[PDB]
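Chains as they are written, first to last, in the entry's author numbering: chain C, 1 to 47; chain D, 1 to 156; chain A, 50 to 480; chain E, 36 to 49; chain B, 1 to 36, 42 to 475. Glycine included, every Cβ here is placed at the ideal spot set by N, Cα and C.
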Amino acid sequence: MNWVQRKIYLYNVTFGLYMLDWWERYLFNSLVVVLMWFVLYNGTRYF
Amino acid sequence: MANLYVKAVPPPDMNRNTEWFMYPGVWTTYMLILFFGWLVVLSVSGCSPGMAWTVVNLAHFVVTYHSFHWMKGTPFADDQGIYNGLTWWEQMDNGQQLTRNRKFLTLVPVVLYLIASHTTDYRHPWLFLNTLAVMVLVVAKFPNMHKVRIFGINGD
Amino acid sequence: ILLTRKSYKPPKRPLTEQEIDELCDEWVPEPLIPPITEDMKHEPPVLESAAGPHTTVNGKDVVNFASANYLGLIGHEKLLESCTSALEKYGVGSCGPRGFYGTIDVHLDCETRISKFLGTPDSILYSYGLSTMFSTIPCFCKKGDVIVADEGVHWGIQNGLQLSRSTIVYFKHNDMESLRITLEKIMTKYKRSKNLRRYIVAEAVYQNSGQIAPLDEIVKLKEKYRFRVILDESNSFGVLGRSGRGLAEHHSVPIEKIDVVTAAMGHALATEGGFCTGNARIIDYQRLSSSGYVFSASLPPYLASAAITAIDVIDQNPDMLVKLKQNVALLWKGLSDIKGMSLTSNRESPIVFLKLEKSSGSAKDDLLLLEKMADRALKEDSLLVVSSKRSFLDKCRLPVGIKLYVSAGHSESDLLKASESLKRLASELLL
Amino acid sequence: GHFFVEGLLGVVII
Amino acid sequence: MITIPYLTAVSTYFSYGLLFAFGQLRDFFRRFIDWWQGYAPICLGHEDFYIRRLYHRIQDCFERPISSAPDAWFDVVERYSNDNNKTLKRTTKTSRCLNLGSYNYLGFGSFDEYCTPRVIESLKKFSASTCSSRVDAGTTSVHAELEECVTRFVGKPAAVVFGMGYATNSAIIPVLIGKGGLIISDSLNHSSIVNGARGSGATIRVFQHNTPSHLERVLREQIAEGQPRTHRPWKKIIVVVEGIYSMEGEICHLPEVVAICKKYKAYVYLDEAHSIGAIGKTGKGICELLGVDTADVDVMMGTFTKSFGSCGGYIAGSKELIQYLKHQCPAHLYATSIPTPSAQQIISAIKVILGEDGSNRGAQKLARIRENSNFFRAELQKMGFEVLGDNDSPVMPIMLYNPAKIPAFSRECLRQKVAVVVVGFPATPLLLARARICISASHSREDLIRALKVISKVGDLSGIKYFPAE
Ligand SMILES: CCCCCCCCCCCCC/C=C/[C@@H](O)[C@H](CO)NC(=O)CCCCCCCCCCCCCCCCCCCCCCC
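Shown next as structure tokens:
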């Protein structure tokens, strides 16, 4: 494992995504990516 | 990347269902889930902050009512169903009334409804609903509404 | 606002730290235990070299009628090889509960073997015989249910009935007429409620009376009121059916009609432990939510590797089953003419009960009366028998008496020596 | 019709 | 009593709430698909929610079947699913892992050359066990010789031995106390003790775990208030404590508890399940390590499963207590006697411990059980882990705090040939998930050295080094 691959693994176990099935995990990762893009694009220039 | 150690004390409470609500960190998570839902609503569908607070207050109604006031019993079979005629609200604190943790749970549906009204300019399309929701929540949590039902619906 | 309030007394002034000190000094506790007496301290025999039909006490050779090995498997040449080969390959201990690392492979093999023997999907082992009923009944019956017990069930069953905080109603000992009356009176008092669970708790061959339960009226009344049956066949597993299957093969009923079948391997298998049987859904649900299964060390593997051999011996040799009925009949043909006693058992159960007729007084007195009669049977003419030893925690109220656990290895001389010696002693003490 | 509620709920909270 | 990093107490509640939310959602789409013989269901809908929505997700970390003696190294059988993870079945393939999840402290759960030859001889002369109880025909000579070794070892005048360590608490507490009595138990008591208290009619209060300043304040109130409704006098008061509180690893504060029980004339019920061969310079338990007179405690319960490598239990006390129990205890009257080869193996183990076997390896075990625990526990603290318990205890739980780290810390360790035990939510409090490490006197130093580097490497990935290293 490399740095990014290790830091992803550390993230799966902290928020309980290591236990869920693939379809429960791909429905939450996408939904949290959307939130990180929305906050970035708006807050970066809406102020 | 770890600080702020807290030496938690075990309150006896002898009830798996409602003893986890005494350890340090519950209020902060309670609020951070609400503040997280608010941001996730207005990201999957771009809308107005007022409506989004309305959708948060409406979702927090069903989840909280169905969990604290509808369901009876415990999901642990160890106690041989000793609490079959009680809801999660009634089991808390061994029936002790007006404690620190009951007042916090009473105070949240009110302050969350104030925010969903003060940013939606009152009106009537949303005002009618939000008022009904907060009214149901506050009535269900009254001290006098202890082990009493309405026309015997889900009562025995 | 005011014209609706309630009159209340003003609050009281709390106790001081000085007053409490006094109250904590006047309080006095009772003794931990009641004072002992001299009738309370009789020691039991200490025996050697076996527990079979012919044991040994104080050097003299006595004849045994107090060990519950019906098939005569104590000291079989095929069990002492299995136990020996598994005792030097696993050790003598379990080292852990069964959910962490206490699941040896022999446990899985034993469960499969038992289920194949009875013809049932799945089975579950327990560590100790008396605790297979502490944990089976509280697992199924919660606080809102209704249990119809038998009023003649031993302490193992009636401790589980109390742990599971449900509603218990009894019926007369082996009285189907009193069973159906109770069933109807329950199916009327609970009319609007229909989600509750209802169970019937019985016993194949009762230990306090020796009477076989009739499993035809129970399986028929159960199909008419939507009930469930829990059968404790520890005294019938391996002795009672024509092939040894138990009560179901005795009354020729399918085993799928019986929801839960529990037994103890400490009677007719010459080992220790217990097991519970049923369909897959029931067994796999109490494998996680039981109490004596998840919190207790598993069976020592040398005990679970002898049950497999014992079941194989039983299966391969169905002649020792007819050899047992003959012995029970032979003891019944030489004891029917006793003076003060009275055979109050069934004609086929291998527990020859003997109720005392014309009770000599209070039950307390009758207990010592039976105790001395049991003592003099050994001291003089070398005979072990059993007498009803009730506790103060027991709630059974059946008549007391003297039992005789007949086996399939008894001779024809000792079997009648047990009859003459009882007739003489009963004659010269009671009448 | 906007500040009566926000003024009364503070009283109710206290 | 446990220091919890604040930032981890927040990502645990979030992790559990996400499981709850997905579970309710999935169970709501099963209730509408059940549309496709008249009796009530065996189990309601929602009494086993965490059994099928939390336990089944990690069901491969439990009930691992082994096919070897419970030794320092055993063989673990491999299991597959074959139907998309619903019913695991066992293969023929095996492994060879390091045993760190058993209980044999003194290394008696094996083939040692003073006990097994004697037990095999006491087998072929007595055939497993008698089929009668102890008051009729089940009191062999071996059963009378063993009740003397236990009295000599424990120290009290008389003792009774049963055949199950769980029935040694549910069939005795009803005898000693009944209705109108009181039982001030400790919070973290075994299930057997609470079930025994429920089997009687007594009332149960709970005082704060391992602190006497709270035990005094409960006795004062309960004696100043009497019965809960009709303020009669309390007929009795019994205080139940444990030697070593497993899953917390702490030795009890016995001298400060006995002193307060004397003052208020309450009784003391000790429970030396985990601490009867482990702690002490001779192995006599907590009453020897802490230097307390053994006659200040009224009843002392024990268990031979963990240290002596054989099933059983015992109760020791005044010679009239034993005479009362032998005459009114249901477990003694109705239950089959403890088997004979399972009693010879306790006799021949107490002989080794007391040094009456001729050799002197009864002190090597007692010294190597300590020089291994004091090493492992010291080394774990230096790497920054959070381990509980004192310096003189064979058990040391490592805290994890996150539900998702339970299958992560165990699956990795098993893959690297180390076997451990993990405990989840339905059994423990919500916030406190842990792993339990058991160190025996049969592990060598080469094994602990090799097992510490496997744990130190796994603990980096999961990030369970909550405290700072050096
Ligand atoms: C995605 C982040 C969260 C998403 C939704 C999570 C909501 C789930 C929290 C509901 C708490 C349930 C309280 C009592 C429920 C009882 O009925 C049942 C059966 O009796 N008890 C149980 O199942 C076991 C009792 C304890 C289990 C609780 C596990 C959840 C721990 C979280 C509690 C602290 C975090 C949240 C605090 C309360 C949440 C308030 C609801 C927020 C509404 C969100 C809508 C946007």
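Exposure label - residue i; buried when at least 16 CB within 10 Å
i, result
"residue 70(A)", "exposed"
"residue 435(A)", "buried"
"residue 47(D)", "exposed"
"residue 332(B)", "buried"
"residue 156(D)", "exposed"
"residue 92(D)", "buried"
"residue 148(D)", "exposed"
"residue 23(C)", "exposed"
"residue 48(E)", "exposed"
"residue 439(B)", "buried"
"residue 39(C)", "exposed"
"residue 314(A)", "buried"
"residue 39(E)", "exposed"
"residue 430(B)", "buried"
"residue 391(B)", "buried"
"residue 69(C)", "Outside the shown range of chain C (1 to 47) lies residue 69(C), about which nothing can therefore be said."
Backbone secondary structure at residue i - three-state DSSP
i, result
"residue 79(B)", "strand"
"residue 214(B)", "coil"
"residue 39(C)", "helix"
"residue 236(A)", "helix"
"residue 196(A)", "strand"
"residue 348(A)", "coil"
"residue 319(B)", "strand"
"residue 98(D)", "coil"
Rounded straight-line distance, which links the Cα of residue j to that of residue i
i, j, result
"residue 21(B)", "residue 52(B)", "17 Å"
"residue 146(A)", "residue 378(B)", "22 Å"
"residue 29(D)", "residue 320(B)", "48 Å"
"residue 67(B)", "residue 341(A)", "17 Å"
"residue 349(B)", "residue 379(A)", "39 Å"
"residue 192(A)", "residue 292(A)", "39 Å"
"residue 109(A)", "residue 254(B)", "53 Å"
"residue 420(A)", "residue 309(A)", "37 Å"
"residue 222(B)", "residue 215(B)", "14 Å"
"residue 327(A)", "residue 168(A)", "10 Å"
"residue 42(C)", "residue 35(C)", "11 Å"
"residue 14(B)", "residue 11(C)", "13 Å"
"residue 143(D)", "residue 192(B)", "30 Å"
"residue 73(D)", "residue 17(C)", "29 Å"
"residue 448(A)", "residue 77(D)", "38 Å"
"residue 461(B)", "residue 76(B)", "24 Å"
"residue 47(B)", "residue 65(B)", "25 Å"
Ligand 3 heavy atom lying under 7 Å from the CB of residue i
i, result
"residue 16(B)", "No copy of ligand 3 occurs in the structure displayed; its ligands are ligand 1 alone."
> Relative to chain D, which residues along the region 192-215 of chain A have a C-beta separation below 7 Å, given in chain order?
Replying inline: 192, 193, 213, 214
> Using a Cβ cut-off of 8 Å, which residues of the region 113-135 of chain D contact any Cβ in chain E, in chain order?
Replying inline: 114, 117, 118, 122
> the region 432-448 of chain B: which residues have C-beta closer than 7 Å to a C-beta of chain D, in chain order?
Replying inline: 434, 435, 436
> For the region 37-54 of chain D, which residues have a beta carbon sitting closer than 9 Å to at least one beta carbon of chain C?
Replying inline: So the close ones are 39, 40, 42, 43, 44, 46.
>> Quick check for students: name the residue ranges of the alpha helix (DSSP H) that lie wholly in the region 85-109 of chain B, counting only runs of 4 or more.
In response: none
> Taking Cβ-Cβ distances below 9 Å as the criterion, which residues of the region 58-79 of chain B are in contact with chain C?
Replying inline: 59, 62, 63
>> Extract the residue ranges of the alpha helix (DSSP H) inside the region 138-178 of chain B, only unbroken runs of 4 or more that lie entirely within it.
In response: 146-159, 172-175
> Where in the region 349-419 of chain B do unbroken runs of the beta strand (DSSP E), each at least 3 residues long, occur, reported from the N-terminal end onward?
Replying inline: 400-404
> At a Cβ cut of 8 Å, what residues of the region 320-342 of chain A count as close to chain B, listed as they run along the chain?
Replying inline: 320, 321, 330, 331, 334, 337, 338, 340, 341
>> Under 7 Å, CB to CB, which of the residues in the region 404-430 of chain B have a partner in chain C?
In response: 407, 408, 409, 410, 412, 413
>> Please give the ranges of any alpha helix (DSSP H) in the region 365-427 of chain A, keeping only runs that are unbroken, at least 4 residues long and fully inside the region.
In response: Entirely contained in the region 365-427 of chain A, the alpha helix (DSSP H) runs reaching 4 residues are, in chain order, 368-381.
> At a Cβ cut of 8 Å, what residues of the region 10-22 of chain C count as close to chain B, listed as they run along the chain?
Replying inline: 10, 12, 13, 14, 15, 16, 17, 18, 19, 20
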